[PDB]
Undergrad: 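Supplied in structure tokens, the structure appears directly below.
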Amino acid sequence: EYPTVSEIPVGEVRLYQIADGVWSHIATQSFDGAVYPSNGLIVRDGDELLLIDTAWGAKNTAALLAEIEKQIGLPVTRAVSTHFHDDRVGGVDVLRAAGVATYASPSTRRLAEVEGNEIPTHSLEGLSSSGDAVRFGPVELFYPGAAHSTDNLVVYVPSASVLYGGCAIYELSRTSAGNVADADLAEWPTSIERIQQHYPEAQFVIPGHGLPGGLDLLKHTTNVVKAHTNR
Ligand SMILES: Nc1nc2ccc(Cn3ccnc3C(=O)O)cc2s1
Ligand SMILES: [Zn+2]
Ligand SMILES: [Zn+2]
């Protein structure tokens with residue numbers, strides 16, 4: 001049963017089996033008066049592991065590495081942050097030290113720099129315009145367009161029909177748009193139309209924060225976004 005934020009002390013990381021050679025990774029961090037949970041993904045890359053997103057923090061990300069050695073036992077060799085916020089890039093410095101080559105789109109790198117966040121080393125190309133798709137080892141990386149922010153990526157594991165939505169996909173229980181500082185509310189529903197065109201098969205869809213679901217999370221996220229602009 002998927003862990004909730006109440007169950008995960010800040011500084012601990014949990015791993016959850018979505019499908020064979022596919023895990024999400026759940027951690028917790030303080031922010032705007034509370035502590036929030038945050039999701040990333042892990043994919044078996046042959047005899048290696050591909051990570052998607054940090055654990056929101058240096059000490060957390062290092063507890064992620066430790067739980068991955070304890071529980072899987074193969075080496076993380078690459079990581080991909082999916083947009084520029086520290087719940088995606090905080091910890092890259094730790095991953096770097098740990099042997100992991102860290103990647104992000106060219107925008108994602110510049111944005112974080114300005115915002116003072118940590119900076120993935122390598123640049124990912126082919127991802128410049130709404131709807132580009134590129135192949136990263138055992139996954140496909142997809143830029144559906146401006147959404148939670150203007151740089152966010154989504155990830156699809158074809159062999160498992162798992163789609164990792166990141167923060168541009170909300171969980172079902174979330175009904176308040178939230179901090180929409182850097183989002184594009186006008187384009188975000190259209191961005192979610194693309195996802196739904198390019199990944200009609202998805203079996204499970206993993207939000208950036210909270211419980212996984214199906215493709216329902218997409219019409220949910222859209223209803224949540226549009227409600228926010230009519231008031
Ligand atoms: N019911 C819920 N409400 C909220 C409100 C704000 C957030 C904010 N947040 C922090 C880090 N990333 C985000 C983000 O929005 O991606 C998440 C949830 S989950
Ligand atoms: Zn964000
Ligand atoms: Zn987030």
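Residue numbers run from 1 in the order of the sequence given. Both ligands and their constituent atoms are indexed starting at 1 by order of listing. Below, all heavy atoms of this structure are taken into account, side chains as well, without hydrogens, waters or symmetry copies.
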Undergrad: Would you name the N/O/S atom of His85 that lies closest to the Zn ion (ligand 2)?
TA: ND1

Undergrad: With respect to the Zn ion (ligand 2), what is the nearest N, O or S atom of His83?
TA: NE2

Undergrad: Does the side chain of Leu127 reach to within under 4.5 Å of the side chain of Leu141, using non-hydrogen atoms?
TA: yes

Undergrad: With a 4.0 Å cut-off on heavy atoms, is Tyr170 in contact with ligand 1?
TA: no

Undergrad: Using 30° and 60° as the class limits, which term best fits the ring planes of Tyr199 and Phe142: parallel, tilted or perpendicular?
TA: perpendicular

Undergrad: Give a yes or no on whether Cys167 keeps an N, O or S atom under 2.8 Å from the Zn ion (ligand 2).
TA: no

Undergrad: Please write down residue, atom name and distance for the protein heavy atom closest to atom 3 (N) of ligand 1.
TA: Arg174 NE, 3.7 Å

Undergrad: Are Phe136 and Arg78 side-chain neighbours, meaning at least one heavy-atom pair lies under 4.5 Å?
TA: yes

Undergrad: Mark up the atoms of ligand 1 that fall under 4.0 Å of a heavy atom belonging to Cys167, in ascending order.
TA: 16 (O)

Undergrad: Do you know the tightest heavy-atom contact between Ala160 and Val22?
TA: CB-CG2, 3.8 Å

Undergrad: Starting from atom 16 (O) of ligand 1, find the nearest protein heavy-atom neighbour and note its residue, name and distance.
TA: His209 NE2, 2.7 Å

Undergrad: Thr54 and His25: which non-hydrogen atoms are nearest, and at how many Å?
TA: O-CE1, 3.3 Å

Undergrad: Run the numbers for me: atoms of ligand 1, each under 4.0 Å from some heavy atom of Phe31, listed by number.
TA: 8 (C), 9 (N), 10 (C)

Undergrad: Just need the protein heavy atom nearest to atom 6 (C) of ligand 1, so name the residue and atom and give the distance.
TA: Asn179 OD1, 3.4 Å

Undergrad: What part of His148, side chain from CB on, backbone N/CA/C/O, both or neither, has a heavy atom under 4.0 Å from ligand 1?
TA: side chain

Undergrad: Taking all atoms of both residues into account, what is the closest heavy-atom pair of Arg96 and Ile119, and its distance?
TA: NH2-O, 3.0 Å

Undergrad: Return the closest protein heavy atom for atom 5 (C) of ligand 1 as residue, atom name and distance.
TA: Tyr36 CE2, 3.7 Å

Undergrad: With the threshold set at 4.0 Å, does a side-chain nitrogen-carboxylate oxygen contact exist between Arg194 and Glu187?
TA: yes

Undergrad: Would you say the side-chain atoms of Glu48 pair up with the backbone N or O of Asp45, donor to acceptor, closer than 3.5 Å?
TA: no

Undergrad: State the atom name: nearest N, O or S atom of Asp87 to the Zn ion (ligand 3).
TA: OD2

Undergrad: Which atom name does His209 have for its N/O/S atom nearest to the Zn ion (ligand 3)?
TA: NE2

Undergrad: Any side-chain to backbone donor/acceptor pair from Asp87 onto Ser38? Under 3.5 Å, distance only.
TA: no

